[PDB]
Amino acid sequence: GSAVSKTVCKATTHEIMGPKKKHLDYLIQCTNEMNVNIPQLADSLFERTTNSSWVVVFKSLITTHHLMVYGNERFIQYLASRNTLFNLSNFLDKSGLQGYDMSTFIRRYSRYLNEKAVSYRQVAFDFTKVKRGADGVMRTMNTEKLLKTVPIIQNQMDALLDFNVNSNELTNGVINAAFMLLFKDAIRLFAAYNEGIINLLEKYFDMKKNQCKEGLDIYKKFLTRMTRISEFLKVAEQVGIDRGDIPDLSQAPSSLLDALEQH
């Protein structure tokens, strides 16, 4: 409460760096205790995003992201259960040039975090954390659910990609911390999108006519998102990310000629 509320403030000071690890680890522990009240924790983070300063606001967003990623699942479950989330579509800190320039990234990042909660609300699991491989959800899921799901991933991906940053704009510790978390989500989200497309192809020839028509549209939009993701990973390469952490995109786009299996 007070100890939680104080940690929230310390994670979101005016200092120009991302939230400190020591504050973030204490918050993560908070989400794992059955006696902590999650809504009060969340409320304190939403209140910090009514501040007028870009630094405070951007740090409150990054804290929320890190908790969705490393915190107990009850945190994102609460965020998904609310009706309204971040309303920063018109944010503008005009106090200095860094302010103006960062305001745009705040808008875009907050939209991605909203879309991340909405996706959890719709399918009741986190695309970034579920079992991959061949024994996983995205690999072993029925054809009806599949057709319903893949388009939700696509949507979460588009909001992520709209962050639209260039290497020459990653110039301070705050936006750099945001980018590192976005990178982590992008690679896990791609893995899951890819798995769904693999299942699709597996089942495509064996399926109803109008189904086939829906699948065709999904494979279609996947190929177009494949090139956007390439551009995103190139910004990561330019910035200096370890090349061992960057996934190899040499997987699944040869086959567009089932655009005729609808004879």
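Under this definition, the rigid core comprises the largest set of C-alpha atoms superposing within 1.5 Å between the forms. Each residue number is its position in the shown sequence, starting from 1.
In 6 other deposited structures of this protein, superposed on the rigid core, the segment with the larger root-mean-square CA displacement between 219 to 227 and 23 to 31 is 219 to 227. When the two stretches 105 to 113 and 149 to 157 are set side by side, the higher mean Cα temperature factor goes to 149 to 157.
Between 23 to 31 and 204 to 212, the higher mean Cα B-factor belongs to 204 to 212.
Of all the options 121, 132, 74, 184, the entry's greatest CA B-factor is assigned to 132.
Across 249, 17, 9, 239, the greatest Cα temperature factor reported in the deposited entry is at 249. Sort the modelled residues of the chain by CA B factor and residue 177 lands in the lowest third.
Remark: residue 224 belongs to the highest third of its chain, ranked by C-alpha B-factor as recorded. In this PDB entry, residue 189 carries a Cα temperature factor that places it within the middle third of its chain's modelled residues. Among the modelled residues of its chain, residue 60 has a C-alpha B-factor that falls in the lowest third, as given in the PDB entry. In the PDB entry, residue 88 places in the middle third of its chain by CA B-factor.
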